[PDB]
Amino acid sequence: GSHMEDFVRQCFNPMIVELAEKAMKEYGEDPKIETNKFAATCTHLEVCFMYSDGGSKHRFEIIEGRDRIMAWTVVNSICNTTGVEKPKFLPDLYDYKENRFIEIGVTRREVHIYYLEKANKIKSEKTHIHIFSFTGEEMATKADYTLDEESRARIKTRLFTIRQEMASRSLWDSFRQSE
């Protein structure tokens, strides 16, 4: 293995690691070699899960972390239930409270650059976008940040902790200059 891979395994809970492996293997990639993308997928997974963990019990439907086929099935059910237009690209969550799909982004650059890259791909303006950065910035469609400040602050804190641990192992630079 690699040092990034050992760190990923001691940084994220086993269940998130397993989901990141399945997600990568489903798209033909190997966590043992694509170790920077392994850490990113794990990170994006954890953020998605803390995000859904913010708010009420039945508020979100978690799309990320399922296999492509099942995720599109739930997405289909949500659209055929609420009437929301079917997104072109698989989103990360659905907000039953706001009746909109959510795309969660985690970036090592300026949240400004990432959101533009996502909003340009989505085009379907119905899908909400919420970007977090490893420096603690955030940016969301309509400045509607969906969750309370405390739930978002926990996500920002966790992201900076992952940044510090990677740097302590001299892995952060390679992780940053890889997105």
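Between two forms, the rigid core is the largest collection of C-alphas that superpose within 1.5 Å. Numbering starts at 1 and runs along the sequence shown.
Self-check item: Comparing 38-46 and 118-126 where Cα RMS over structures and residues is taken in 6 other deposited structures of this protein (core fit), larger one
Solution: It is 118-126 that deviates more in 6 other deposited structures of this protein.
Self-check item: Given 108-116 and 65-73, the range whose Cα B-factors average higher in the PDB entry
Solution: It is 108-116.
Exercise. Using only the Cα atoms and their B-factors as the entry lists them, report which of 147-155 and 117-125 averages higher.
Key: The entry gives the higher C-alpha B-factor average to 117-125.
Quiz item: Can you tell me which of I33, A39, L45, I131 has the highest Cα temperature factor in the record?
Solution: Going by the entry's C-alpha B-factors, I33 comes out highest.
Quiz item: How does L93 rank on Cα B-factor within its chain, lowest, middle or highest third?
Solution: It falls in the bottom third of the chain.
Self-check item: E29 CA temperature factor, ranked by third within the chain
Solution: As the PDB entry reports it, the C-alpha B-factor of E29 lands in the highest third of its chain.
Quiz item: In terms of the CA temperature factor given in the entry, to which third of its chain does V84 belong: lowest, middle or highest?
Solution: Tercile = highest for this residue's CA B-factor.
Quiz item: Against its chain's modelled residues, does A23's Cα B factor rank lowest, middle or highest third?
Solution: Highest third of the chain for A23's C-alpha B-factor.
Quiz prompt | Lowest, middle or highest third - CA B-factor, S52 | solution = CA B-factor rank for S52: lowest third.
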